[PDB]
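In the UniProt record's numbering, the protein residues as written are 12 to 206, 216 to 625, 644 to 787.
Just so it is clear, CB atoms sit at the ideal spot from N, CA and C, and this is done for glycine as well.
Working notes, structure below.
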Amino acid sequence: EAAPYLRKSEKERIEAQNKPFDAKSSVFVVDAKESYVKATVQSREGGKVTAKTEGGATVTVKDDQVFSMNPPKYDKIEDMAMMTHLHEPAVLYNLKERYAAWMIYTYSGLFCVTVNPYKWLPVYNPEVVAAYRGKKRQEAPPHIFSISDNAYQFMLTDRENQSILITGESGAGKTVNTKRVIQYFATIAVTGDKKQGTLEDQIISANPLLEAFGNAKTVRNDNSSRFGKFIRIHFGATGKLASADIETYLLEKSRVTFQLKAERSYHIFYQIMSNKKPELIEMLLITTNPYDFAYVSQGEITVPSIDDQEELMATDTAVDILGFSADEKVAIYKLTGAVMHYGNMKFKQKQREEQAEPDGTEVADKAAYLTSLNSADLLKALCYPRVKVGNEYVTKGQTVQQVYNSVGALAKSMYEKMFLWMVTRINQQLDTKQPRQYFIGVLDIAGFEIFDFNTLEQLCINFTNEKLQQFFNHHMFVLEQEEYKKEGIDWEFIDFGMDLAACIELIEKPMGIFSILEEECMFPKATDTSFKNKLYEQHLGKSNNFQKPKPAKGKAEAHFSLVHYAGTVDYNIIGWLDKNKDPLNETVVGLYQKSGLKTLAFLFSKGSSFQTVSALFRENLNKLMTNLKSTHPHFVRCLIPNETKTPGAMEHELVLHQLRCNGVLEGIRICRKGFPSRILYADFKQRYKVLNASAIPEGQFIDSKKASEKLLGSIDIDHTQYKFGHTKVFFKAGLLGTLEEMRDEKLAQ
């Protein structure tokens, strides 16, 4: 009643599992509205099988889509984690059975997997939440509350840091549940001690502006955010709660470079550029028309019904809630205005001469005004730069492309900087002379999504995602080996982190794939086709998991085909190489440092210069990864099972692919090799004694081991189907299945 679904019955658990069943009947078949449906063998054939489906028709299917399924005992369990048959549909339908049971909290890895319920339930209500810490995993009903709970007691003794990691889910439920996560942080505060924005509400202070700030529109998602944020929480206290960080991580500058006409821009821009605030628009030296700024214009010209007048008002609401000055903050978004003005800047190339050279432009004068530079200062000092030290020397004649790239780079870097600045004061508003000794953290996205059409940066983020999965895998590898140790057993399995890292390694040698791309970009005035050819020599023979894409529909050309934890995904080339190109000039900020605005010092401040750009983006990740290596990570993966966020029912197929994207699926692929399985003596034998038909006294006249050796002596001798564990018993997925198959067959006879 309290937790009414969440532990649903003693009686019904039995009686459901009591219900009639047969595995050898109960089979997999492939569907137009599920990829797969539970099935019956009508008949079996060479490389096809003859089938009927519970709801639907009789159906004719090849062998490979099929096996008979883990029976009611399995059917009512808590755990994908304790699987006993591995094919995706099993997992999926079963959790769908949770969903029709509405049974919330789902487990694989050692960790819990999440769905926005789209409905009222008082999951929150403290009867569970306060009254107990709860339990380690096996011991209590599944809940995200667990993961926090045990991470605490773990750290409490351990006293080094941990973060909990929450995947995809890129809109409503993701953020709602992050909120509730900090709500449970408040519950931890209440647990620790008890006797100024509220701390969730303090994060809310950030949320609306920051949400506009780095949200983005996917073809398949409509407010989705392509910063990197990471959330930290910090303890000088193990009392009631101590205060928190949200932090600075991979940000996607290239989006400023480009959009397709279906697609839109960093939401800030789109929001501000609406019409409502009468003074700013001219104060901004701006036309309310997006249409003007081609570099802005590149996208889709609106989102029909996300109402940016009110969203403007919300931005005001937040910036005023900053308690930070109007004049700076106005100048600050005005910086962005300048940025879009830079899209207009366009240069021209003279006779008998290669230089790119000026359009003499009110745009530059707007810049001068806003900057408190003079435009001529730009014109001479940038547009033919100076760099030398030890003597000092001047740089002239840039190509059209050189200029265009250069200025875009500057603008982008400036946007970046502005984000970076936001840290300083926003956090300081958050920041406290209450100490921190120790840290617990939150992350939002291991972000991978698909389009029929693709662009490098996205793939790079996907690379980073799988890298995160490296981290997942090798930690599990270690821990599971500890579980081998736990009941006396010796490792027959090798690093998953390494194993899939090899798949990354195809991307990464001391040669990076990215590295060589951006590297060769310095080879000038040449065409991606050149690299195509270099692919075709370099990888296309060699690197097994990468492929020439097959013919397929939807697309003029696709160029790369390679294999991923999510499955296997194929992607395409426009000549964009230069987009990643980073120009630098000292001079630009160098003089801005002179300028009036006094944003500029924080505006302003060996590894590389004007180069290494995607590798820089590696570097940014890399540090993060390094620091995470210190930690214990914790894990949540999160789903819209539905067409929508609605009480309305499942939409399967994206849930399929999300789960492909959510490691549990091929993680369980990885683990099934483990015979990843531990089942306790007493229950097990309490079922199993039957065939031995043997009486020798309980207690240790027989161990469970002995009783096994006898029953096995009737039944099996194997390692792979089973091995002994010191307290609990270990199996091929199939094996429990056959065990109870025996049990029903024997008891019925």
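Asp510, buried or exposed, once every other Cβ within 10 Å from all chains shown has been counted against 16 = So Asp510 ends up on the exposed side.
Helix, strand or coil for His670 per DSSP?
-> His670 falls in the strand class under three-state DSSP.
Residue burial classification, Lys185 (beta-carbon count within 10 angstroms, cutoff 16) = buried
Helix, strand or coil for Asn161 per DSSP?
-> helix
Once you ignore the five residues that flank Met293 on each side, which residues in its own chain have a CB closer than 6 Å to its CB?
-> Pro310
Report the three-state DSSP secondary structure of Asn730 (helix, strand or coil).
-> In the structure shown, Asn730 sits in a helix (DSSP, three-state: H, G or I).
If we ignore side chains and look at the alpha-carbon of each, how far apart do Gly775 and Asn81 end up?
-> 6 Å
Once you ignore the five residues that flank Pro405 on each side, which residues in its own chain have a CB closer than 6 Å to its CB?
-> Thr415, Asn605 and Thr607
Assess, as a yes-or-no matter, whether the region 734-745 is touched by the region 118-126 under the definition of 3 or more beta carbon pairs within less than 8 Å.
-> no
In the region 12-64, which residue ranges form an unbroken beta strand (DSSP E) of at least 3 residues, counting only runs that do not cross its ends?
-> At a cut-off of 3 residues, the continuous stretches assigned as beta strand (DSSP E) that sit fully inside the region 12-64 are 37-41, 47-56 and 59-64.
C-alpha gap between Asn730 and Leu750, whole angstroms = 9 Å
Could you say which of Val462, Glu778 and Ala358 lies nearest to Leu304 if we only look at CA atoms?
-> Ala358
Determine the DSSP secondary structure at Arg252, reduced to helix, strand or coil.
-> strand
On a CA-only basis, which of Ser37, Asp42, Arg252 and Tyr135 is nearest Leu662? Give me that one, please.
-> Per the C-alpha coordinates, the member of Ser37, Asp42, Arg252 and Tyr135 positioned closest to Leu662 is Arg252.
Enumerate, from N- to C-terminal direction, the unbroken alpha helix (DSSP H) stretches of 4 or more residues contained entirely within the region 455-543.
-> 476-506, 516-527 and 533-540
Which residues bound the alpha helix (DSSP H) around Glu283?
-> Note, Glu283: premise wrong, no alpha helix (DSSP H); not H, not E.
Start and end residues, beta strand (DSSP E) containing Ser581 | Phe580 to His584
Quick one: using the 10 Å Cβ neighbour count with 16 as the cut-off for buried, is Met518 buried or exposed?
-> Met518 comes out exposed.
Which two residues bound the contiguous beta strand (DSSP E) that contains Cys123?
-> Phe122 to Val126
Within the same chain, show all residues whose beta-carbon is closer than 6 Å to that of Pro228, passing over the 5 residues directly before and after it, in chain order.
-> So the qualifying residues of the chain are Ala334 and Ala338.
Measuring alpha carbon to alpha carbon, tell me which of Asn243, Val409 and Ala401 ends up nearest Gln418.
-> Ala401
Mark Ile288 as exposed unless 16 or more other C-beta atoms lie within 10 angstroms of its C-beta, in which case mark it buried.
-> buried
Report yes or no: do the region 358-376 and the region 313-323 share at least 3 C-beta pairs separated by less than 8 Å?
-> Contact annotation: the region 358-376 touches the region 313-323, with at least three C-beta pairs closer than 8 Å.
Cβ separation of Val443 and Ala376, assumed to be a contact under 8 Å, to the nearest whole Å = Not a contact, Cβ separation roughly 36 Å.
Spell out a yes or no on whether the region 242-251 and the region 463-475 are touching, meaning 3 or more CB-CB pairs, one atom from each, closer than 8 Å.
-> yes
Helix, strand or coil for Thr178 per DSSP?
-> strand
Exposed or buried, which one is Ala431 when buried takes at least 16 other CB atoms within 10 Å?
-> buried
Residue range of the beta strand (DSSP E) that includes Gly587 = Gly587 to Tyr591
Residues near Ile465 by beta carbon distance below 6 Å, same chain, minus five either side | Within its own chain, no residue has a Cβ closer than 6 Å to the Cβ of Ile465 once the five positions on either side in sequence are excluded.
Among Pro679, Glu320 and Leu785, nearest to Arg725 - alpha-carbon criterion | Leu785
Might you give, ordered along the chain, the residues of its own chain that have their beta carbon closer than 6 Å to the beta carbon of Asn474, omitting 5 neighbours on each side?
-> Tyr591 and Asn592
Any idea what DSSP makes of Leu718, helix, strand or coil?
-> Reduced to three states, the DSSP call for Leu718 is strand.
Residues near residue 846 by beta carbon distance below 7 Å, same chain, minus five either side = Residue 846 cannot be examined here, being either before or after the span of the chain that is shown, 12 to 787.
Give the secondary structure of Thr415 by DSSP, where H, G and I count as helix, E and B as strand, and everything else as coil.
-> Reduced to three states, the DSSP call for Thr415 is coil.
What are the boundary residues of the alpha helix (DSSP H) that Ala429 is part of?
-> Run containing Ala429: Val420 to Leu450, per the alpha helix (DSSP H) assignment.
Length of the line joining the Cα atoms of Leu703 and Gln696 | 10 Å
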